[PDB]
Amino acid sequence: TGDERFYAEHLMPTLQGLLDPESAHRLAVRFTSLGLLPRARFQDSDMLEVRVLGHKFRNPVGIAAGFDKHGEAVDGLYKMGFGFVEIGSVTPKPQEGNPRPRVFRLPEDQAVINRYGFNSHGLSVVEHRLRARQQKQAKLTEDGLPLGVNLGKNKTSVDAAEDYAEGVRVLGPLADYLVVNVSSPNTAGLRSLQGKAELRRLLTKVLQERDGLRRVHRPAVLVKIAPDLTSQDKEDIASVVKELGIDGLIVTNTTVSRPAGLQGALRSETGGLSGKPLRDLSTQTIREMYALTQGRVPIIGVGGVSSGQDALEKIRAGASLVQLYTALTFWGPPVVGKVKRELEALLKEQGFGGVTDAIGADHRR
């Protein structure tokens, strides 16, 4: 489309020329919340519908955690054409996150590095924000547009599992699915929660708390994992997810690695790397986790999706749904419809009747 080119060649590089990335993101959140967005001409076809996690999803393309950290732009994001929205990470208490600058663009790599450190309005603020549109969300959910809430831990917390449990109690009842984010690279010690013994203790507490919620307010619980795990760590996570009946996995968070070949001047900034250089590392992690869980555990695939091909590769590797963030940063809102249009085209070319038929297809080759 004309919009796709104008955004990608004029609008977004102009905004990028004028504003540091944190400013630009704040402005984007504001515009989205106000619905100041291009017409999302693409109409979701039936071949894009997916049923998973106890819900219908109109299309399989979601906004990944971190874009709407505090639940300010949910309805704007649906307007953009996302099949599902994930907010967060939310921490129990408000906290500022790290000092600025803390986000960096690598335009020559189609990548970003961030070290926000869980800047969060906190659970209470977010709770009230979601409660203000709770029945609007219930109607959206019923219409195939579910809401996920991603939970974090405060920096100075003395009991990580208690932070997650507090999140489950507070925001669980307002979410279709919850995400235990134990893979930020920007909170000290957090990724050690992916270890077998820590994860089993943590997840048992999280699941107990979730199962204590009233039926109609009981969300699915997913775990979001890093792209930098060892084979032992992957194995362990798969074992615990089966042992406990975790509902799904989000694969992956940003990478602490710096793949050879990065060109951006800012490549050696501390933080998590997202975008194109993370793409195949995340696809491979999806593939491994789908096989370790025997294809029985839904996966939301994320990292470096910017086209229909990128989405289909993750679907074929084992994702039931995909998310993106960094593509939006570079191409703007039209990227969403682009991905969907291209995905539908490729599904037809590859002889799939819909998305559902393509889930895990590479493992049946």
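One rule holds for the numbers: they count along the sequence shown, beginning at 1. What we label the rigid core is the largest C-alpha set whose atoms superpose within 1.5 Å from one form to the other.
- Each structure in 8 other deposited structures of this protein is fitted to the shown form on the rigid core, and of 22-30 and 35-43 the C-alphas lie farther away on average for 35-43.
- Larger root-mean-square CA separation from the shown form, computed after a rigid core fit of the structures in 8 other deposited structures of this protein, is seen for 195-203 when 247-255 is set against 195-203.
- For the two regions 327-335 and 62-70, the entry's Cα B-factors average higher over 327-335.
- Higher mean CA temperature factor between 10-18 and 351-359: 10-18, per the PDB entry.
- Per the deposited record, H217 carries the highest C-alpha B-factor of all listed residues (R105, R102, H217, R258).
- Of the residues listed, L292, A160, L130, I286, the entry assigns the biggest Cα temperature factor to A160.
- The entry lists a Cα temperature factor for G88 that places it in the lowest third of the chain's modelled residues.
- In the deposited entry, the Cα temperature factor of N98 places it in the highest third of its chain's modelled residues.
- The entry lists a Cα temperature factor for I246 that places it in the highest third of the chain's modelled residues.
- The entry lists a Cα temperature factor for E269 that places it in the lowest third of the chain's modelled residues.
- Among all modelled residues in this chain, the alpha-carbon of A40 has a temperature factor (C-alpha) in the highest third.
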